[PDB]
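Engineer: Take a look at this one; I'll ask things after.
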Amino acid sequence: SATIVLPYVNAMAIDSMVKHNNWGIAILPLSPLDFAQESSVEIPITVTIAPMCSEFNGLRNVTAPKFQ
Amino acid sequence: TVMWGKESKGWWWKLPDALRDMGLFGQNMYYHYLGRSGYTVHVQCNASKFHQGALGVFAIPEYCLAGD
Amino acid sequence: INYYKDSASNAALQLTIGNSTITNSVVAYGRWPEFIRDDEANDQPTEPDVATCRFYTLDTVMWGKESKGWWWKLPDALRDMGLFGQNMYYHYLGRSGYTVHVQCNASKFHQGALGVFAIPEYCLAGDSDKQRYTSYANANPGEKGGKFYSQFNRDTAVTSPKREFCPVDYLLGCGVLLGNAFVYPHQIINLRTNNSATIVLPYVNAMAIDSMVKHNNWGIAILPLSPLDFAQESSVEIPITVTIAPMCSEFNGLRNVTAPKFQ
Amino acid sequence: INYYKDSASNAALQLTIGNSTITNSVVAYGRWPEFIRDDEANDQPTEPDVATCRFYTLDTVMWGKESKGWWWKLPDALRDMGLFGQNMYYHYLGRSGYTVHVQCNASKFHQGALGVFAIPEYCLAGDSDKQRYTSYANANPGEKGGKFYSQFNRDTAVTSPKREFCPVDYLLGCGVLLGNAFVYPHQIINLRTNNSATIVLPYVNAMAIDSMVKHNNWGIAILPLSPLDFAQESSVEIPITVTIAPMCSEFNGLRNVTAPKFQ
Amino acid sequence: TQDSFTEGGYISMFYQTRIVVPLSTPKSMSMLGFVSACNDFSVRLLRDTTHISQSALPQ
Amino acid sequence: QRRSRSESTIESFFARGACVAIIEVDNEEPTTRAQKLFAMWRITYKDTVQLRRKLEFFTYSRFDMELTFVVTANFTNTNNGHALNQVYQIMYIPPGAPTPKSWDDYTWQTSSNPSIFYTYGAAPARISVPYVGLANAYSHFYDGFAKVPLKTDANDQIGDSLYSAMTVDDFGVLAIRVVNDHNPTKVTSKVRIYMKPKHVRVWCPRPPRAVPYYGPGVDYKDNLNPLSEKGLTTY
Amino acid sequence: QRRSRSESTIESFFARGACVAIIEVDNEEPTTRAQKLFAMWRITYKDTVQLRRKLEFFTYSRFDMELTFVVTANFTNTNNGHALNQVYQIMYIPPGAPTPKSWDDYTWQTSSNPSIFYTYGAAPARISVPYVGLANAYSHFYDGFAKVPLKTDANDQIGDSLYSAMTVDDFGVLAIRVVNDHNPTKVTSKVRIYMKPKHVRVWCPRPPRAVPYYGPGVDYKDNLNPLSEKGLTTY
Ligand SMILES: CCO/N=C/c1ccc(OCC[C@@H](C)CCN2CCN(c3ccncc3)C2=O)cc1
Ligand SMILES: CCO/N=C/c1ccc(OCC[C@@H](C)CCN2CCN(c3ccncc3)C2=O)cc1
Ligand SMILES: N[C@@H](CCC(=O)N[C@@H](CS)C(=O)NCC(=O)O)C(=O)O
């Protein structure tokens, strides 16, 4: 397992969350997966994320982005 | 959950994009003009003593990707 | 001298809330809304401050010569109002007080009187011989509310009963004379003196905190005490508007969202 | 105020013992074995120190896929163990505590779970319509012990009834669900974590000292909570061993030797 | 007793990743469950149980 | 001195024994057909109207209770001899406890359930009970349901429940039987139960009922013209 | 305040009167054939199951006892006149004391044995008894025998004894009779005995019974499928 803690990083103290993404997570296999001498191997990978110290401002009607 | 095999090349996610539909966090995100938050990321992957491999997890601020 | 050990055996202006502003008030039972105290509880509560404690305006209604009255249920009327409804449906237990503002404007040549009553545990009568057969959907109209009637119209359907309320104006919809309804917290809007009414309702219930979906804590009833008239015109209609602000709201029991079936 | 004179009328690691050594423990009811105190007695007691307080090993048993359980009675199981049995049969009254050690070793590729329970006044059910008809010989098997069954097999013999117990695994042989047997002092041996169990039993009885021949103070029950398995083999068998050490034993009432008739 | 006005909730279990075993090892296993009450548990209103019955008195 | 309000207090207003139940129990030779050897009554105060109307002046209440039992027996015929004095057994069955199916089943052992044995001709029986409400106060009126239908429910009957009802079985029941065996002559008896609240606190006063009651709820069916005629300018 | 455990104590758990015996006694003209003029009941709590099950939660117990007697009488016919009020005699016979052979023998003089005389129609009789155990505590369960067979015994019956039995005659018996002479009409009566433990201490808790009792011991014969069906993934 792995654990990381990410603080809020940006050129501004507070910014919109819809049109701007603050962080990116990249997972890559540095070494190929293998098991005994089997031809095919598959294992599950799971990701969990917890927000911390979240603030919001500018209450108004709800935004409905068009995702396809 | 995702699956890791011999031909897997990697995965990537964007935050706070990945949590846009997670409980009241998404509702507050879409009901407010300005937002702020930190994160805690936990990656889980279990195998046996006869398996071998290595995963690299990277957190990148302002992670911009190339087109096609 | 008491012999038995058990005690039972013993012989006997502008008001601003959140990002909303409205431009005398009545406090029910002389008790301002307040949060739960440390000496009474049953986990960490969720207590929104400004995202839910603000004024929401309901649909406007029309008052004419033949209008008999209107009624609403709380917190039912606010089930689809911003984040308040989301918190209501995402939590098992909820608590809140209310501020109710009724607006109705007319001219000096109009005349009429409206009575607004806040009733705790406001139970209404059915419209069929069967007892307590009203359905959940019909008992929770929402922000549209219901209306009163001047007579009891028994439902004659036998195959597909309506299962709806049949309130009667002069019985207050519960079998009690309207004249005594002033025992409840109330306000009177007389067109010749004022044009608005305000009431503050604290949280009232036999339990400190209770579910908001299956139980309604308050009822609001508006009835015309005097008929509307204007000069010598045959038909007169004026708008009536209602605004409600939650106050000191607490939620507990976070879990997946509830999706009631309203028709 | 109480009127009557009588109160009843009033309204309501290595462990070494003796010359034996074995290489966490559970103490029953949090009470270590102890000798009789001067404020409770009924002649000069005989209190062997090392000639009887030592570890005796019983016959090894085999655990497989079809095994259902085993049971033993104390002090019955030690009736033929060195000088302890001689003192038991040469004295009218006896007293003692016990230390029980269960050993079972396997590999990392095996799986299974054993539950060991110490039961005071462990009474078992019969195998016939007649009630309390079990014989003394059948109720005191000795160091060999008995076994459990998955069903009740009524004895059909009418001429020569067997007069034997018929314990049932899921009823604990006494008409109580096995799941609650953990209320008694107990230990769990899980092959993936540990390979041994230890329990310490003090002397429990309604009397300070009692005969050891006609009354058994403790019962030991071992049952497989999970079936035994190994890789993908069809048949698997492993040994289980039991060792018992008397502690703080007293005897009184010296006289000629008792010779019970065991078949 | 069973009553919707005093319902308590629900308990569920799910796999997080999966069970993984090496070769020459059993692929099936068993799990056990236990329940108990904490130190803040209380009861009221003693009453008879439904788990024991009788049909004929001893003769 | 000056006039006082001693008798207008809540305690004085409810310091009276009010009948809430009349129950019939018969003693005769058992037979295949239906009989009244033992009776069961569901505890409540809505069977009668006077105490119900007095209590409905308020929305919430909290009190202890005192119960009194009066028993009256009589014959039915004259040519079947007579009978000796009878003994009556009254048992309180809380929710979840087993209920009798016959006048002489094991359930009458009352190992844990409280019971009263009454001898005919003695003083009326009496007992006291404390506040046994699950919540902090009794709820005379409840505006809600016990179930909420959901969109994912397979059918509409999963979430169907009666309006203004908290629990189906509340406060248990009382089972009354005659312990004595059957005499050759049938004997009928009636038990009347009288209730008196004590140490009473109330909240949220409400206007009193003005039309006849119809069911446990607030429904009204007939007699909806209470007021009588009178002249506007007539003294 | 905070919730308390007052009612979960051992004393409260056993603070109830539980029936343990129903006994029949008849009054009629004596005859050569068998009759029920006097009855004898062996004292125990295993005749009924509720109190037995409650007590079997523990291996050892120590308590005093309170006994209450309720008497109910009735006729059987109608053409033989009537009868006057009867008086019942209840006598406690400890082990070793002589036992009656008739309803009017010398044994009823009760010179040293305690006795109760009860008048029909009065309040139910009551008495209290202290702890009378030979040992330091009562033994609900006994894993042993009273005799041990020996190799030198002439026959196998010398050492034969019932399993899980301490003494054949324990705690004595109760003898109940009707003191009154026989009226021309027969009169039947039933005495119900209710027991309440007091000042209770217990040791070595045990799991409760899960299958119907069968005999004084722990034997089981039928109904060995207590649990019901339910889905693994069904709420
Ligand atoms: C041996 C027999 O003695 N046992 C007697 C007994 C009597 C009363 C007991 O409590 C019954 C419940 C009462 C405290 C009254 C219940 N009330 C108060 C609120 N309430 C009610 C009914 C319907 N709608 C709303 C409130 C009621 O019916 C328990 C035991
Ligand atoms: C004038 C008549 O009044 N005499 C009454 C009386 C009542 C009870 C008396 O004691 C009888 C014995 C009781 C203290 C209860 C005995 N118990 C306690 C343990 N026990 C028992 C039974 C079976 N297996 C294990 C324990 C019992 O049956 C003595 C005299
Ligand atoms: N109905 C049976 C007798 C019933 C009976 O004795 N029931 C027992 C337990 S099975 C009991 O508890 N009776 C209580 C009582 O009726 O006093 C008969 O007379 O054949």
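Chains as they are written, first to last, in full-length UniProt numbering: chain A, 273 to 340; chain B, 137 to 204; chain C, 30 to 41, 83 to 93, 99 to 117, 120 to 340; chain D, 30 to 41, 83 to 93, 99 to 117, 120 to 340; chain E, 520 to 578; chain F, 644 to 878; chain G, 644 to 878.
Each residue gets a CB set at the ideal place from its N, CA and C atoms; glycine is no exception.
Would you grab the beta carbon distance between G/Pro792 and D/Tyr169 for me? Rounded to a whole angstrom, and I think it's under 8 Å.
Structural biologist: The Cβ separation is near 17 Å, so there is no contact.
Engineer: Going by other Cβ atoms of all chains shown within 10 Å of its Cβ, with 16 needed for buried, is D/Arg172 buried or exposed?
Structural biologist: buried
Engineer: In angstroms, rounded to a whole number, what distance separates the CA positions of C/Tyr133 and E/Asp522?
Structural biologist: Rounded to whole angstroms, the separation of the alpha carbons of E/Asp522 and C/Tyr133 is 36 Å.
Engineer: Assuming F/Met683 is part of the beta strand (DSSP E), what are its boundary residues?
Structural biologist: For F/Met683, the uninterrupted beta strand (DSSP E) segment begins and ends at 681-685.
Engineer: Rounded to the nearest angstrom, what separates F/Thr719 and F/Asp669 at their Cα positions?
Structural biologist: The alpha-carbon separation between F/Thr719 and F/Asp669 amounts to approximately 10 Å.
Engineer: Please list, in chain order, the chain E residues whose beta carbon lies closer than 7 Å to that of D/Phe186.
Structural biologist: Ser543, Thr544
Engineer: G/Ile836 to F/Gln752, Cα distance in whole Å?
Structural biologist: Cα atoms of G/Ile836 and F/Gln752: separation of roughly 10 Å, rounded to the nearest angstrom.
Engineer: Tell me the rounded alpha-carbon separation between A/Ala322 and D/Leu278.
Structural biologist: 50 Å
Engineer: Using a Cβ-Cβ cut-off of 6 Å (strictly less than) and excluding sequence neighbours within five positions of A/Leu305, which residues of its own chain qualify?
Structural biologist: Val313
Engineer: Is DSSP giving C/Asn39 helix, strand or coil here?
Structural biologist: When secondary structure is reduced to three states using DSSP, C/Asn39 falls in the coil class, being assigned neither helix nor strand.
Engineer: With 8 Å as the threshold, decide whether the Cβ of E/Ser549 is near any Cβ in chain D.
Structural biologist: yes
Engineer: When you compare each of F/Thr652, F/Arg685, F/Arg646, F/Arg676 to F/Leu817 by their alpha carbons, which one comes out closest?
Structural biologist: F/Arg685
Engineer: C/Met324 lies in the beta strand (DSSP E); which residues open and close that run?
Structural biologist: 315-331
Engineer: Quick one: give me the first and last residue of the beta strand (DSSP E) that G/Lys841 is part of.
Structural biologist: Where G/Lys841 is concerned, the enclosing beta strand (DSSP E) stretches over 830-848.
Engineer: Within its chain, find whatever has a CB closer than 7 Å to the CB of G/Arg852; leave out the 5 residues flanking it on each side and keep chain order.
Structural biologist: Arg696, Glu699
Engineer: Between B/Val138 and F/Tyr781, what straight-line distance do the alpha-carbon atoms span, to the nearest angstrom?
Structural biologist: 54 Å
Engineer: Does DSSP classify D/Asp153 as helix, strand or coil?
Structural biologist: helix
Engineer: Any heavy atom of ligand 2 inside 7 Å of the beta-carbon of G/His842?
Structural biologist: no
Engineer: Could you name the residues of the same chain whose beta carbon sits closer than 8 Å to that of G/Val730, not counting the 5 residues immediately before and after it, in chain order?
Structural biologist: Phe760, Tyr761, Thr762, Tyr763, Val821, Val822, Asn823
Engineer: What is the residue span of the beta strand (DSSP E) that C/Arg172 lies within?
Structural biologist: 168-180
Engineer: With a CB to CB cut of under 7 Å and the five nearest residues on each side skipped, what residues in its chain are close to D/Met289?
Structural biologist: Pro152, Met165, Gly171
Engineer: Taking the Cβ atom as the reference point for each residue, do D/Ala190 and D/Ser303 lie within a distance shorter than 8 Å?
Structural biologist: yes
Engineer: For E/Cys557, count neighbouring Cβ atoms within 10 angstroms of its own Cβ and tell me buried if that reaches 16, exposed if not.
Structural biologist: exposed
Engineer: Counting only beta-carbon atoms, is D/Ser144 nearer than 8 Å to chain E?
Structural biologist: no
Engineer: Using DSSP bridges, identify the partner residues of D/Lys224.
Structural biologist: D/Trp147
Engineer: Helix, strand or coil, according to DSSP, for F/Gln732 in the structure here?
Structural biologist: strand
Engineer: At a Cβ cut of 9 Å, what residues of the segment 168-201 of chain B count as close to chain E, listed as they run along the chain?
Structural biologist: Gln180, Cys181, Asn182, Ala183, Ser184, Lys185, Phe186, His187
Engineer: So which residues of chain A does B/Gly203 contact, with C-beta pairs closer than 9 Å?
Structural biologist: Ordered by position in chain A, no residue passes the 9 Å Cβ test against B/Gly203, which lies about 16 Å from the chain.
Engineer: Verify the CB distance criterion: does B/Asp157 have a CB-CB separation below 8 Å to chain A?
Structural biologist: no
Engineer: Just checking: is the beta-carbon of B/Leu160 within a distance shorter than 8 Å of some beta-carbon in chain C?
Structural biologist: yes
Engineer: Suppose only complete runs of 4+ residues qualify. What are the alpha helix (DSSP H) ranges in the segment 190-243 of chain C, listed by chain order?
Structural biologist: DSSP runs (the alpha helix (DSSP H)) wholly in the segment 190-243 of chain C: 213-216.
Engineer: Taking 8 Å as the threshold (beta carbon to beta carbon), is G/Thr831 in contact with chain E?
Structural biologist: no
Engineer: Just the residues with CB closer than 5 Å to a heavy atom of ligand 3, in chain order, which are they?
Structural biologist: Working through the chain, the matches are E/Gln573, E/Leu576, F/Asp747, F/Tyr749, F/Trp751, F/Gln752.
Engineer: May I ask which residues mark the beginning and end of the alpha helix (DSSP H) holding F/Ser655?
Structural biologist: 653-656
Engineer: Does the Cβ of residue 99 of chain B have 16 or more other Cβ atoms within 10 Å, making it buried, or fewer, making it exposed?
Structural biologist: Any property of residue 99 of chain B remains undetermined from this structure, which presents chain B solely from 137 to 204.
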